[PDB]
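K.L.:
Please find one structure pasted underneath; my questions will follow.
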Ligand code: SF4
């Protein structure tokens, strides 16, 4: 239990590091957001199962629901971004500097 | 005619009946004449474990009756 | 208060729209023949497709 | 002994698919007024093995533009999932009794799409990409309605375990209570297997070949083997869910035989349809599903939520 | 809650699954039900700052039941000492601890 | 008996597989493609002999050059032949393809497909009868039936 | 242990078939044989160029509908509840919301494809 | 079988590191599917069946859509894999070796506090109702339809409004 | 406006049947006489141990033996 939770914490931390450190592609960043979501889902489900707190297991499924909604919004934003600047490279996303 | 479809379909049918019969017979043979017990629920798993511990041979299928 | 770094900045457009360089939309080019089951044997119907 | 059981579940299934190829070709021939294969052995019984040999002995190819990793992975994954899906099936006693057998089947079949997808991307060819994206569309179509169909029938089954379906249909077929669900399930299985009329992911006419355009020899053989294993698997799933066989605890072999009969008949029906009908345009496939199957499927889902409550017939958990 | 709309209206949209002692489906009590109940009842009435000092015993017991650190360390020490004895040739496990026992139904 | 005996039987099995299952690529350039279609038709039924058409050259064995081979076409035919995987065979059907045919003295027509690819079986006609093409296919099967690849390796 | 064993055997069988296929046949490799295929005439561009999708809206809608299937799947266990009125009402509400969302996307020409 | 869950968690960390190094989105999605499978196995080991099967199903669908979008929009002429750039490859191997070193360091410094490579697997499942009947996560997740109805209400509204939101955004 | 529904039944039958079955699903639980029995059966299904209650002498209704006439009876289910 404790080692597994530590490992999941490290997984989430690495995903967050990848999110905060960009690398040209916006879809990749969205994927890192997903990775964070998955690590959190696993941590929550493990905690609930180990506690035998069945009254809490709706919460993880809601986590998935809202994460999917956010991902859909992100992909729509990607659609708009590509339809404008021809690609999804974040370098072109710098018009508001001035 | 259409009778010549039946050969390959016969090979089909034999090869598709073999799995179920084979698995049923293997289950019976390897669980001592009774089809494998199913542990859909922790209660059934507990009963099977009790049977294993009571058998004295560490096999759940070996049963003990009033004689015990 | 200007700076050497920002000297190349320009005022934002009065309406938010920015006169952006036109994106040259490139459409894939597909041979679709000659050796194609639906090309009747000897047609090089070079197709220009989007999706 | 479990290994002997594994052999007795895999070897006959592989042979069944091998001969399904021949049965398809011969049935199409006799339905098109020709004899089909009938030289390679008595009545063409050795043709499947001849073709398997030829494919595995033809040169395997590694085109310079391919991503060799996924190019070699995806076929292997296809065959692996095809074989694996046979595990949980109860015929009548399953090799592996999973409580959530139907969810297992759904997840594994849904993963099968990634074989097509990754193969189409790794081929790095235009027709391969077309095939991969058409597979995307086919999945987007079928999955949403497949899931609701299985849920609707499960509201009467009582649980997600497949073995429970036998006891549920101990008296009647599920088809009679739910033929409307059954026909949508049948068409959805047709779509899922990429079979005609919905044979778009390898539309030999439009695209010379879909995902498997750059694949030759043994890899292509693996893709074909996975396809014709999935056909039998889906027909078996229909036979188990609907068209319930007969279970007499004393006589399991009767269930085994009835299952073989019904599954063979439905698998033949697949080929019957292939020969009978034209092909859809993948936009038309998507519209068919989303704008006809999905509304009715959802309405029937609500109907089957209501029916247990107002008929006082909620099934037993366990 | 910042707005006590639920308390005002007398409804509990989300107040009934805040902890482990809360009602669980089909009366399947959770881990540390008793300890959490003790902590909650001890802290009820008295404020948070008073609780953090007064109900410390109950909270510590609940933490032990929930995370189980002291038990883990206890077992680690036992097994490390047993390993040291075994390497020194001082100890042998009893038959039941070695896997040969008379089963109890 | 001898390693030669076992190798001979292995080679026989190899060639039995290859000749029993050979999949022509869907190649057809002119009239002669129509007689190829008729050979596919119910009356003769190529499938009966294990012969089934496949579209992708990557999944074919025999290229049936049916029709005239124009200069413009020659590169495409050469590349599809090259892209076919080995072992691969070439069947030339019709005068158009065996030689220049009716259009032999023209400025556009390549005088024979054998110039652009190595041919195995030449089927004459204009158009060769579907029966003639079937006989050519059987001839190619005989050619495969005598291969001795494994034997030549073992003796090598 | 048994599920692991069967799936590992399946994986090993598939890998063994792949290895046989890749190490048995005689290989003659040259550039023309190894180049991509396009119906006889060399490619005019890469296969990695953007490939516009005309069903992106229904792709995202498929994500949302998959999650709503997710919400629905607990029904076989839920129906065993003692609060049947609430269970049925909530399921009807969820399915009605799904249907109304589909109806809106239909009437807004969403299920149609861009051109 | 004692190191089973730890090995699964470590493989999950490896998959998440691969995702973090943000390769081409196709390979990122591949690694993400592998990570989802590993998470499903972890949940199943802890005894929750529905939740793990559930992530697997949902994310097969999600990563299918991600594939569609990346190939329609997030593509280069030369997609970059993990081994394409020595920077990414070196930091991948570095992540593996550094995580191993950290595991060993924590093990030695405190053998019980966080990681306990000694007795690994002893403290997985804590309690079980041996004679209980309903214990599977399905019942807990079905609580939404009876007790935690507010939860399903908010989730359903989330999806419902999501439909309108994406419609207008993509307009 | 019977013409509207009738033309719908002629041209777009799927939507008509969908809406009809949706309405029937909403209606029937109220109409049906057996709806009451669903919750009663679910309560009947005994999935937890019936913990006995200490006999303080002020409990006439609760039985002292399973086969006693007092307490809940399931004959309504036995011949539902
Ligand atoms: S060989 Fe004769 S029949 Fe055949 S294509 Fe040429 S002209 Fe026509």
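K.L.:
Only helical DSSP H runs with n ≥ 4 go in: add -39500 (n - 2.57) per run for chain D, normalise by residue count and round the 222 nm mean residue ellipticity to 500 deg cm²/dmol. Let's see the in-between values first.
P.N.:
Numbers: 11 runs with 206 residues, N = 318.
Roughly -22000 deg cm²/dmol at 222 nm, from the helical runs in chain D.
K.L.:
I want to check the label-to-label distance for residue B:58 and residue G:109. Put each point 7 Å from Cα in the C-beta direction and report it in nm to one decimal.
P.N.:
It is 7.4 nm.
K.L.:
Just to be sure I understand: of the beta bridges DSSP finds with both ends in the protein assembly as shown, what percent are antiparallel, rounded to 5?
P.N.:
The antiparallel fraction comes to roughly 35 percent.
K.L.:
Counting pairwise Cα distances across segment H:1-157, what percent come out greater than 21 angstrom?
P.N.:
63 percent
K.L.:
For q values of 0.18 Å⁻¹, compute log₁₀ I(q)/I(0) with the Debye formula on a Cα-only model of segment D:170-243, without solvent.
P.N.:
Debye intensities relative to I(0), on a log10 scale: -0.77.
K.L.:
Enter the mean projected area of the convex hull around the alpha-carbon atoms of chain C, in nm², rounded to one decimal.
P.N.:
7.1 nm²
K.L.:
What angle, in degrees between 0 and 90 and rounded to the nearest 10, separates the Cα long axis of helix D:47-57 from the longest principal axis of the Cα atoms of chain D?
P.N.:
Relative to chain D, helix D:47-57 is tipped by roughly 50 degrees.
K.L.:
At 0.890 mPa s and 25 °C, plugging the Kirkwood radius over alpha-carbon pairs of segment D:142-185 into Stokes-Einstein gives what diffusion coefficient in µm²/s?
P.N.:
Result for D is 227 µm²/s.
K.L.:
Need the full-extension length gain, residue E:83 to residue E:7, defined as separation in residues times 0.36 nm minus the C-alpha distance. One decimal, nm.
P.N.:
The span from residue E:83 to residue E:7 would gain 21.6 nm if fully extended.
K.L.:
Could you tell me the extents of segment D:1-118's C-alpha atoms along the three principal axes, largest first, rounded to whole Å?
P.N.:
Over segment D:1-118, Cα extents along the principal axes are 47, 46, 31 Å.
K.L.:
With labels modelled as points extended 7 Å from the Cα through the Cβ direction, what inter-label distance (nm, one decimal) is found for residue G:42 paired with residue I:16?
P.N.:
It is 6.2 nm.
K.L.:
What number, rounded to the nearest 500 deg cm²/dmol, is the helix-based mean residue ellipticity at 222 nm of chain H, given -39500 (n - 2.57) per DSSP H run of at least four residues and division by all its residues?
P.N.:
Mean residue ellipticity, 222 nm, calculated: -23000 deg cm²/dmol.
K.L.:
Work out, in µm²/s and without decimals, the Stokes-Einstein translational diffusion coefficient of segment D:230-318 at 10 °C, 1.306 mPa s, Rh from Kirkwood over C-alpha pairs.
P.N.:
This corresponds to a translational diffusion coefficient of 97 µm²/s.
K.L.:
Next question. Taking the simple approach of a point 7 Å from Cα along Cα-to-Cβ for both residue B:34 and residue F:138, what is their distance in nm?
P.N.:
Using points 7 Å along Cα→Cβ, the separation is 6.7 nm.
K.L.:
Okay, next question. For the protein assembly as shown, what's the radius of gyration and Dmax over Cα atoms, in angstrom?
P.N.:
Radius of gyration, then largest Cα-Cα span, for the protein assembly as shown: 33.4, 122 Å.
K.L.:
Can I ask one more? So how do D:205, D:69 line up by other beta-carbon neighbours within 10 Å, fewest first?
P.N.:
Starting with the residue having the fewest Cβ neighbours, the order is D:205, D:69.
K.L.:
Express the C-alpha Rg of segment F:1-98 as a ratio against the empirical globular expectation 2.2 N^0.38 Å, rounded to two decimals.
P.N.:
After normalising by residue count via 2.2 N^0.38 Å, the value is 1.28.
K.L.:
Continuing with this model, one more query. What percent do you get for the relative contact order of chain G when only Cα pairs under 8 Å and 6+ apart count?
P.N.:
Once normalised by length, the contact order is 30 percent.
K.L.:
Now for a separate question. Once you compute Rg and the Kirkwood Rh from C-alpha atoms, what is the Rg to Rh ratio for segment F:33-86?
P.N.:
1.01
K.L.:
Then there's this: Report the Stokes-Einstein translational diffusion coefficient (µm² s⁻¹, integer) for chain I, Rh taken as the Kirkwood radius over Cα pairs, at 10 °C with viscosity 1.306 mPa s.
P.N.:
Values: Rh = 17.7 Å.
D, rounded to a whole number, is 89 µm²/s.
K.L.:
Rank the residues D:119, A:51, D:209 as a footprinting-exposure proxy: fewest other Cβ atoms within 10 Å of their Cβ go first. Write down the numbers at each step before the final one.
P.N.:
Working: D:119 31, A:51 17, D:209 24.
Listing D:119, A:51, D:209 from fewest to most nearby Cβ atoms yields A:51, D:209, D:119.
K.L.:
Turning to a different aspect of this structure: Calculate for chain F the 222 nm mean residue ellipticity that helices alone would give, adding -39,500 (n - 2.57) per DSSP H run of length 4 or more and normalising by residue count, nearest 500 deg cm²/dmol.
P.N.:
Taking each H run of at least 4 residues, the total per residue is -12500 deg cm²/dmol.
K.L.:
In the calculated pair distance distribution of chain E, what percentage of Cα-Cα distances lie above 21 Å?
P.N.:
So the pairs more than 21 Å apart make up 63 percent of the total in chain E.
K.L.:
To continue, here is another question. P(r) for segment F:51-156: what percent of alpha-carbon pairs falls in each 5 Å bin, starting at zero?
P.N.:
2, 12, 20, 21, 20, 13, 6, 3, 2, 0
K.L.:
Moving on. How compact and how long is chain B, expressed as Rg and Dmax of its alpha-carbon atoms in Å?
P.N.:
My reading of the Cα-based Rg and Dmax gives 19.8, 67 Å.
K.L.:
How far is helix D:68-84 tilted, in degrees, relative to the longest principal axis of the Cα atoms in chain D, given as a value from 0 to 90 rounded to the nearest 10?
P.N.:
Between helix and principal axis, roughly 40 degrees.
K.L.:
Could you work out how far helix G:2-23 tilts from the main Cα principal axis of chain G, as a 0 to 90 degree angle to the nearest 10?
P.N.:
The angle comes out near 30 degrees.
K.L.:
Given that compact globular proteins tend to follow 2.2 N^0.38 Å, what is the ratio of the alpha-carbon Rg of segment D:2-318 to that value?
P.N.:
Its radius of gyration relative to the 2.2 N^0.38 Å reference: 1.02.
K.L.:
Here's another thing I want to ask about it. Per-residue Cβ counts within 10 Å, from other chains only, averaged over D:31-38: what number is that?
P.N.:
Counting other chains' Cβ atoms within 10 Å and averaging over D:31-38 gives 6.
K.L.:
Quick one, what does Rg over Rh come out to for segment A:2-98 if you take C-alpha atoms and the Kirkwood Rh?
P.N.:
1.10
K.L.:
Whole number please: convex hull volume per residue, Cα atoms of segment H:81-171, in Å³.
P.N.:
Cα-based convex hull of segment H:81-171, divided per residue, equals 242 Å³.
K.L.:
Moving to a separate point now. Taking segment G:2-115 as the region of interest, what is the percent of Cα-Cα pairs per 10 angstrom bin, listed from the shortest bin to the one with the maximum distance?
P.N.:
10, 18, 16, 21, 21, 10, 4, 0
K.L.:
On to the next question. Quick one: Debye curve from the C-alpha atoms of segment D:41-93, no solvent, what's log10 I(q)/I(0) at q = 0.27, 0.32 Å⁻¹?
P.N.:
With no solvent term, the Cα-only Debye profile gives -1.01, -1.10.
K.L.:
Provide I:45, D:164 in ascending order of the number of other Cβ atoms located within 10 Å of each residue's Cβ, fewest first.
P.N.:
With the sparsest Cβ surroundings first, the list reads I:45, D:164.
K.L.:
Here's another thing I want to ask about it. Going 7 Å from the Cα of residue C:27 along its beta-carbon direction, which residues of segment D:122-139 have the amide nitrogen within less than 19 Å of the resulting point?
P.N.:
It comes to D:126-127, D:130, nothing else.
As a convention, Cβ positions derive from the backbone with ideal geometry for all residues, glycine included, and neighbour counts pool all protein chains shown. Coordinate-derived values only; no laboratory data.
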